[PDB]
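Engineer: the sequence isn't on hand, but the structure is:
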DNA sequence: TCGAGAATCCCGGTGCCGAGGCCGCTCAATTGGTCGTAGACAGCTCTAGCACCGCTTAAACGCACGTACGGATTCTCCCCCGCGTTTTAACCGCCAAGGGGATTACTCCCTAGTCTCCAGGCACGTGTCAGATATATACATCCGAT
DNA sequence: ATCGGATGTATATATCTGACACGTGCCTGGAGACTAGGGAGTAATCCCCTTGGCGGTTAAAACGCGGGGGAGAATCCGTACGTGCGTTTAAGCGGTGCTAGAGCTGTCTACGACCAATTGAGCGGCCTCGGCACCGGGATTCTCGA
């Protein structure tokens, strides 16, 4: 009986956005949780190495963008860059 | 100023082969090898420390990382060398 | 006070604050900017939406209304780029794609 | 007086203070112990000595008194432990090992 | 453009790629004589 | 024994899932040898991870980490 | 500005590369395959190197960019720094 | 009586459609325990640990058999032999 | 005979086997296709060459193994494609 | 080409157990304000990357000849597949004991920070000798004629 | 199996040059000495989940038999590749000149760490109903001998 966190509720929100009449089992959600953790770690590690190569001490959106370009294959990378840029632009104009 | 492991490699070379020199390209190769192994071992030790929810890297993490990375007899001999160094270091001061 | 989440400002579904905390505690750099968690959360949400859309199509093809790991394997392995991203990853209880070499199959 | 290095107490040639600095500044963990740089430096020096004496033997069999990258390649690729450790590493100006498959020989 | 049809006021149609590439399989001993 | 519990019909089924049509008679010994080598390689790392944590029980996460460090990431047991 | 430079990788050079690999007899179709394979490999590595260069807001590609690009893909190279 | 090779194709399709585990659980568990006996004596295993090991082993063997099949077909045969496994493991990067 | 002599001669040495200037031109062309108005350090082109010859030599060794498996002495494109598929570069 | 017949697909009925909501409630994320330094930016210098010209000579290219290797065909025999019988051990339900894994509260000692000081390890010069190249010679090796 | 004998290989010595190895400043990074606080070792307790046993069922494994088709050899044909020679081309070396642009230094602000107060988002526990599994009967569909 100790708090342990996971990405379940957010994955379910996205799923209701994409397919409004579909469910998911427990093991599939476990797979999805592991997938999100793995990708997060890859991107963050690449950004860390990028910052250390260029002698910086800050991880910015620029580092994440370059790491996303390095990691994902072509068309996925293009669309992911579009999504991230759109989100940052929308966030920085809102209070 | 740019630092490297050149003089230490030269000292070890004079230890094992008293009458042998080394060219500059081979010294660059050796420097790259030392840096590569350093990064590998330190990263594995960091992962071990993060798995068990600790905040310190001790000689025990380094020993386990060495046993995970190096194959076969190299792991055994390296463990012996490192243990000897640590006990000698704690003996003096 | 607590007025508005950051994910509501960015128009996302993933947690910006949790991603910021995870970045700040993971030993990645000395300091972490303000737009890094937003950008990262947007990317993660995009990838999740892609996989879930393909898997939902695969599940609907089989007269089912609930996704199981077999549908995830079918979705991932039938796409060039996703199969390249997960090329060294095993999905438990997933099986394989049906394929038989053409030489083995009888002709006419 | 009062200037004995940490490597001198450990009985090593590789530098312990420098390795401690690199561990501290490399963002590996929040804290670093006391025997970790010592133990790491000892392991690194051991590996260096191993590879260097193999390379020196390769150099004397070629009747040369200097070590060139070809000698390092020949030393590494002939030993199975080092060939496992460095299995996915390219050494510049090293060439290959002279091997011809037996079905090709006359 | 018919992949995903909801994301807030927008949809998931303009975001997801519309023509993903199918994965091609290597065939040995091509029966092409 | 205990490597003879990997019976011939089981190896035959594993070959069928991989798309094989005809199996020579000497395949089963090779398969048993390969499987034993793979298992030793993984279990050594799992036990190393166990001993570092001062435990006497091998958990799922030791297996997951041992597989991950050999480039064989596995999804499903990670939580 | 430049074109058909892939034909600058001549047939004798491919023969020499095959000989260092231990090949005793070569077909006549190997040369086109080798050119295609080399072009693909070069495209991947150069794309990574240019990404690394353009992150640092430079205009010349350095040796460290190539070294990092090779390291990222599992082709670690010794002898040019790193 | 079906002609030789037909039931083989039926079994190929059937086992490529399903997702279950093909090795008996209890003998695999005994084999894992005996192998682990060498590295450290008197060990204990969580059940999910043994299940994870089984999943990894099945996946590895199936992929190896796919590469073996390609090697066998390349030599103008349909029967797989130990030397195909050896070539696949050597090129894949494991024999040497 | 001369083939075996060439094998021994080129396996004993360590020089590069492709002329430098055509390789430099090809590298510049591809980088042009990625980004315009780029410059290169000379050691960058040298590193690219070293890696490329290493890759091609290892690939030819795998191809030779594949050809010998099929009871031939001539290497063919099918052998290269099989080796690249088993290596995991293709699928 | 065509019917036995064996395997596969579709419809309807029954039940159970896990996915999806609901509800407390704590603890992590949000607000608001302070402070110190990490990058952004501007200017300056000087290195090294790019362009051109000339000459030489070794590598690339085209062509001819012939042989040896890849492929196709045919024959034999043996070993792997399909199927029926008999044996065995895996799976399942139930029960029972206890060894370690979690969790908590205490205590101390090992590791950041902070000054101060001094010596080790980079840059910069400089000399000499190992290795490359030339030149001529001796010995293995491979191919043809027996 | 045994000779010419022509070719390519491993044998000296001469000379010459540039790279390696060592010697001198100096300056900045590491060692000495000391203080403060929290991370980690340690004992104690709870209880969960791992190991072990027993009896019955029945599905899987093991064994034998017959036959066919696939691996392997042996033979023959022709065409693509290797070897060698003469002709054409472009790489490589040496030198000259000209800027882009990398690399460094000095200022200054805007941006992120940090701390205290506040509160709602997300997690654990409890229920319930419907999606999926299983079973039985009936039309389709695919093999295969004749």
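Structural biologist: Thanks, I have it. Numbering: from 1, shown residues only, chains lettered A, B, ... in the order given.
Engineer: which residue is nearest the centroid of chain E?
Structural biologist: Central residue of chain E (C-alpha atoms, centre = their mean): residue E:20, 2.4 Å from the mean position.
Engineer: what about the longest helix in chain F?
Structural biologist: In chain F, taking DSSP state H as the definition, the longest helix is helix F:27-52.
Engineer: so what's the residue nearest to the residue nearest to the centre of chain E when sequence neighbours are not counted up against?
Structural biologist: In this structure, residue E:20 finds its nearest non-sequential neighbour in residue C:79, 5.4 Å apart by C-beta to C-beta, 6 or more residues apart in numbering or on different chains. The way it works is simple: take the backbone N, C-alpha and C, and place the C-beta from them, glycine included. By C-beta atoms under 8 Å, 6 or more residues apart in numbering or on different chains, the contact set of residue C:79 is C:54, E:20, E:21, E:22, E:23.
Engineer: from residue C:57, how far out is the second one?
Structural biologist: Put plainly, it is residue E:20. 11 Å (C-beta to C-beta, to the nearest Å).
Engineer: do the same with residue F:6
Structural biologist: 38 Å.
Engineer: next, residue E:33: secondary structure please.
Structural biologist: Using DSSP: H, G, I helix; E, B strand; the rest coil, the structure places residue E:33 in coil.
Engineer: distance of it from residue F:27?
Structural biologist: For residue E:33 relative to residue F:27 (C-beta to C-beta), the value is 30 Å.
Engineer: ok, the two, which is more surrounded?
Structural biologist: residue F:27 (22 against 3; other C-beta atoms under 10 Å in any protein chain shown).
Engineer: correct me if wrong: residue E:25 contacts residue I:91.
Structural biologist: Yes - taking contacts as C-beta atoms under 8 Å, residue E:25 lies within contact range of residue I:91: 6.7 Å.
Engineer: these two: who's more crowded?
Structural biologist: residue I:91 (14 against 10).
Engineer: what helices and strands are in contact with the longest helix of chain F?
Structural biologist: helix B:59-69, helix F:8-17, strand F:57-58, helix F:60-68, helix H:25-39, helix H:47-74, helix H:82-92 (3 or more C-beta pairs under 8 Å, 6 or more residues apart in numbering or on different chains; DSSP states H and E).
Engineer: reformat those into CSV and put distance to chain I next to each item.
Structural biologist: Formatted as CSV, the helices and strands packed on helix F:27-52 follow (distance: least, C-beta to the nearest C-beta, whole Å):
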stretch, distance to chain I
helix B:59-69, 23
helix F:8-17, 18
strand F:57-58, 30
helix F:60-68, 17
helix H:25-39, 27
helix H:47-74, 5
helix H:82-92, 5
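Engineer: residues contacting residue H:5?
Structural biologist: So residue H:5 contacts F:21, F:22 (C-beta under 8 Å, 6+ apart).
Engineer: ok, back up a step: let me know the closest of the contacts of residue C:79 to chain G.
Structural biologist: residue E:21 (16.3 Å; C-beta to the nearest C-beta).
Engineer: ok, for residue E:21, nearest residue in space, not its chain neighbours?
Structural biologist: Nearest to residue E:21 is residue C:80, by C-beta to C-beta, 6+ apart, at 4.0 Å.
Engineer: and residue F:3, by the same measure?
Structural biologist: Nearest one to residue F:3, counting by C-beta to C-beta, 6+ apart, is residue F:32 at 5.3 Å.
Engineer: how about residue E:14?
Structural biologist: Closest to residue E:14 by C-beta to C-beta, 6+ apart is residue E:1, at 7.2 Å.
Engineer: the one you found: how many residues sit nearby?
Structural biologist: As a burial measure, residue E:1 scores 9 neighbours (other C-beta under 10 Å).
Engineer: ditto for residue C:45
Structural biologist: Using other C-beta under 10 Å: residue C:45 sits among 27 other residues.
Engineer: and it, how far from residue C:20?
Structural biologist: 15 Å.
Engineer: tell me how far residue H:66 lies from residue E:4.
Structural biologist: 34 Å.
Engineer: thinking again about what came up before, need the contact list for the residue nearest to residue E:14.
Structural biologist: Applying C-beta under 8 Å, 6+ apart, the residues near residue E:1 are E:13, E:14, E:18.
Engineer: quick check on the second one: phi, psi?
Structural biologist: Read that as residue E:14. phi -80, psi -10 (degrees, to the nearest 10).
Engineer: looking at it, residue F:69 is touching residue B:69, isn't it?
Structural biologist: No - contact between residue F:69 and residue B:69 fails when scored by C-beta under 8 Å: they sit 9.3 Å apart.
Engineer: so which strand or helix has the residue most central in space within chain C?
Structural biologist: Centroid-nearest residue in chain C: residue C:48, 3.6 Å away (criterion: C-alpha atoms, centre = their mean). According to DSSP states H and E, residue C:48 maps onto helix C:36-61.
Engineer: indicate whether the helix or strand following that helix makes contact with chain A.
Structural biologist: Where DSSP H and E defines the elements, the next helix or strand beyond helix C:36-61 is strand C:66-67. Yes - Strand C:66-67 lies within reach of chain A by C-beta under 8 Å from any C-beta of the partner chain, at C:66, C:67.
Engineer: and strand C:66-67, what other elements does it pack with?
Structural biologist: Using 3+ C-beta pairs under 8 Å, 6+ apart: strand C:66-67 touches strand A:23-24, helix C:36-61.
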